[PDB]
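All of this is worked out from the model, or read from it or from the source named; none is laboratory data. Please note: Cβ atoms are built from the backbone with ideal geometry, for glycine as well, and neighbour counts cover all protein chains shown.
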Amino acid sequence: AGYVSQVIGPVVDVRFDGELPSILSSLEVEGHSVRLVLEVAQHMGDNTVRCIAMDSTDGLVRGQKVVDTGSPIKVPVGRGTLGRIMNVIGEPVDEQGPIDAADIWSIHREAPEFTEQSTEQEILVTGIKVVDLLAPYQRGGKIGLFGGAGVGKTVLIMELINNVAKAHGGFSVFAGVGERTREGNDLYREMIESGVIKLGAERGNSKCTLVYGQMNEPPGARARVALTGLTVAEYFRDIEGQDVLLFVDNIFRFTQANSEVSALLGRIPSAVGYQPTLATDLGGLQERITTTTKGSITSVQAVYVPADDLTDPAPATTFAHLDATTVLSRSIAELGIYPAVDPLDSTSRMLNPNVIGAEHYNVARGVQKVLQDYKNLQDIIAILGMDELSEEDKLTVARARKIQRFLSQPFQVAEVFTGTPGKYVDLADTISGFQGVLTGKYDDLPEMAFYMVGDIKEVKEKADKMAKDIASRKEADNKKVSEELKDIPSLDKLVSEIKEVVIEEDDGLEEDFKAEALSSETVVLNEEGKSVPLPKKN
Amino acid sequence: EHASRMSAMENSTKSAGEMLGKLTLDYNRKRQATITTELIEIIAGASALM
Amino acid sequence: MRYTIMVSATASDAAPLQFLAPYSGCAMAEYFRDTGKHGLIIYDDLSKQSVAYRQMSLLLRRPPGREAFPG
Amino acid sequence: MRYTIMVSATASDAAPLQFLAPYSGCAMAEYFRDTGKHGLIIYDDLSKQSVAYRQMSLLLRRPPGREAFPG
């Protein structure tokens, strides 16, 4: 009912002789290589709408028919999306059939209004000790994850998915906003490997819906894929009544994508370079993540800080919405502590005694003060000597050295390659455990007693095994037989056991090759449209 | 003397870290203002043609 | 809340509503100023009303000044 | 050169050719990717391809963003 009038990059003008589609409505370009969905951005006047494409616009002709769907982009939602991968417009890209839709929901939505909000401000127990104690998660809050590579971020993602599905019975959505396809495939196969995504007939027992808008997609597709993950999460909140987890992977890439679609629609950029609507384009996403009266959505958003500058407007606008940070550190991970949460740079708004109580608040502030007190004398130990200062200073060294161990915890999705069984730790057990180490009831137990264990009745069994291990050492000796002729042969024997592989100097490359003949003449279309040589006169 | 110098260059790195942090914050302000002012120049140049 | 009016244009709301909400609350508190009573008004994050007004101005294509603000 | 293709859009070439040289070289190397073999593509000075694309887009009067670049 409408036809393409302008194609300028990813930005398509469509003309409607009848009535116009609404802003944010979805339009299908009828007749194309792939499914080309446009989203109406503005009404330009003269019966033209201005749209932003969700796929490539190369191959688009002015006058191509465009069908208005009468609604915004509509995605399949429900339990049938679990363990599937969707793109922004709802198509399955995991190549495992269609998506069993419970409903087909519009991705564009107003935030849950004032009467629906929760005034309670309670804590989301996650089963991770360092996360539950020092930087708790608000049920319905937004949590910034300052991880990276090699700090065990993906294991923490899959464990929040696992522990929230195990404890509270809620499902998870992962919105891969603008992620590389190698990283997205790595996370997919690592979720299949860890059992939070199951393929085939066991597909219903998956805990996670992946919504992937990749980095090679146009800016309109990366700018809207977080809303698709939000819609999948809002179905579980509003219909299933669950405590959902949403993972917006790199909220900065959401910001950068919306900045690109604001630049492409010809809007004047605001401060440093961002979209003029940066606070509202971010708040439109973040205000739909809340606690309703039905359930909640808790959002764990990875935050990239642009030039290591926290006063840049994209992290300064994001940090207004965040309720907790969990900074994952490389220096924590190079002490073998997993999860690699920095126990001192992670913050939470939920850490005050009016929401968690004075018991939990004072235990957390004591633990944080003890680790801080150890932290600002390590330039006094390494300079002047280990046993140089007082015994009370070395008492805080030993207590913080064993609390710094005690924050580590074995993870249930990590047991398929580490062997050590993962241990969910409850909140009251975490409080009662760290209070005991803080007063000094465990000053006699070793420092390796507090390592990769669930709660306080496991550090005792760890030390019990370590002191049964004293009596298991006199069972044998240590020796290495046959100093020069156990299995170490002559080097000619070692080169005469390696097998020669086949190398050929015909490299081939003509295996299933067409070998068309390319014309050197330039071939154009005449006015009838047939392939004709160039008319040889200017 | 050596221990007094060890305590004197302890405060010097403290001072050269707090001065560095102030200077890094002010550099971040100048970086943001540079990008904004060059962008406003480019937009004003383009809008005077279209 | 027996004595408080609570005007809210939250982060999801349109930037015209966030630009206008301190003026709405000021008109509501000027009722108490104008009839002899005393009012207290708290504009929480007037730095966000300025950002909403900057959004409105750059979407109206008004020339940005310092930091991008309309002047 | 028994294994190397060279795709060379030099400085005297037009800006659309410098824009399209990495895409054309990637299309030549995707032959080896797609038919089982292994490729190594080297886009030397993707900075200059970026400058060429900025040239074409400012001359097509697309709206400029940061430093002059398109969206």
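Some observations on this one:
- The residue that is surrounded by the fewest Cβ atoms within 10 Å (Cβ to Cβ), counting only those in segment C:32-48 that are outside any loop (DSSP other than H, G, I, E, B) and within 10 Å of the chain's Cα centre (by Cα), is C:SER47.
Yes/no per residue for (1) surrounded by fewer than 20 Cβ atoms within 10 Å (Cβ to Cβ); (2) assigned by CATH to the domain that holds A:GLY170:
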residue: A:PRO10; (1), (2): no, no
residue: A:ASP17; (1), (2): yes, no
residue: A:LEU36; (1), (2): no, no
residue: A:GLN42; (1), (2): yes, no
residue: A:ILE52; (1), (2): no, no
residue: A:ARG62; (1), (2): yes, no
residue: A:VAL67; (1), (2): yes, no
residue: A:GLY90; (1), (2): no, yes
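- Here A:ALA279 meets each of (1) under 22 Å from A:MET215 (Cβ atoms); (2) surrounded by 24 or more Cβ atoms within 10 Å (Cβ to Cβ); (3) touching a residue at least 24 places away in the same chain (Cβ under 8 Å); (4) within 13 Å of chain C (Cβ to nearest Cβ) with one exception, condition (1).
- Test: residue in segment A:373-382 that is under 17 Å from A:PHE450 (Cβ atoms) and free of Cβ contacts under 8 Å to residues at least 40 places away in the same chain: yes
- Filter pass, A:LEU395 being away from chain B (no Cβ under 14 Å) and not in a loop (DSSP other than H, G, I, E, B): yes
- The selection criterion, being touching a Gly at 6+ places or on another chain (Cβ under 7 Å), small (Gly, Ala, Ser), over 23 Å from B:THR36 (Cα atoms) and buried (at least 16 other Cβ atoms within 10 Å of the Cβ), holds for D:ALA29.
- Members of segment C:22-57 found to be out of contact with any helix residue (DSSP H, G or I) (no Cβ under 8 Å at 6 or more places or on another chain), within 14 Å of another protein chain (Cβ to nearest Cβ) and in contact (Cβ under 8 Å) with a residue 12 or more places away in the chain, listed by number: C:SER50, C:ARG54, C:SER57
- Residue among A:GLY150, A:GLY70 that is touching a residue at least 60 places away in the same chain (Cβ under 8 Å) and part of a loop (DSSP other than H, G, I, E, B): A:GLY150
- Within segment A:324-371, restricting attention to residues that are in the same structural domain as A:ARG399 (by CATH), of a type in the set (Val, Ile, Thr) and in a helix (DSSP H, G or I), the residue that is surrounded by the most Cβ atoms within 10 Å (Cβ to Cβ) is A:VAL367.
- So C:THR35, is it hydroxyl-bearing (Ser, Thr, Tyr) and farther than 30 Å from A:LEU278 by Cβ: yes
- Residue pairs whose Cβ atoms lie under 9 Å apart, separated by 6 or more positions or on different chains, with the first residue in segment B:16-33 and under 19 Å from A:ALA314 (Cβ atoms) and the second in a helix (DSSP H, G or I) and not acidic (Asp, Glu), are B:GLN32/A:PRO313.
- Lone qualifier among A:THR318, A:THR293, A:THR298, A:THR228 - being among the β-branched types (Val, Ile, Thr) and out of contact with any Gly (no Cβ under 8 Å at 6 or more places or on another chain): A:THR293
- Check on D:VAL51, surrounded by 14 or more Cβ atoms within 10 Å (Cβ to Cβ) and more than 30 Å from B:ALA46 (Cα to Cα): no
- In segment B:19-30 there is no residue matching the filter, namely being over 14 Å from the mean Cα position of the chain (by Cα), within 12 Å of another protein chain (Cβ to nearest Cβ) and either more than 14 Å from C:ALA68 (Cα to Cα) or in a helix (DSSP H, G or I) (or both).
- Against the list (1) within 27 Å of A:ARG189 (Cα to Cα); (2) part of a loop (DSSP other than H, G, I, E, B), the condition A:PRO76 fails is (2).
- Selected residue (criterion: surrounded by the fewest Cβ atoms within 10 Å (Cβ to Cβ)) from residues of segment C:1-21 that are within 14 Å of chain A (Cβ to nearest Cβ) and hydroxyl-bearing (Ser, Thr, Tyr): C:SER8
- Hits in segment A:19-34 (condition: of a type outside the set (D, E, K, R) and either surrounded by 14 or more Cβ atoms within 10 Å (Cβ to Cβ) or in contact with a strand residue (DSSP E or B) (Cβ under 7 Å, 6 or more places away or on another chain) (or both)): A:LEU20, A:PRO21, A:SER22, A:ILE23, A:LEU24, A:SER25, A:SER26, A:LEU27, A:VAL29, A:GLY31, A:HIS32
- Which listed residue, of A:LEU335, A:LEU285, is within 14 Å of chain C (Cβ to nearest Cβ) and in contact (Cβ under 8 Å) with a residue 24 or more places away in the chain: A:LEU285
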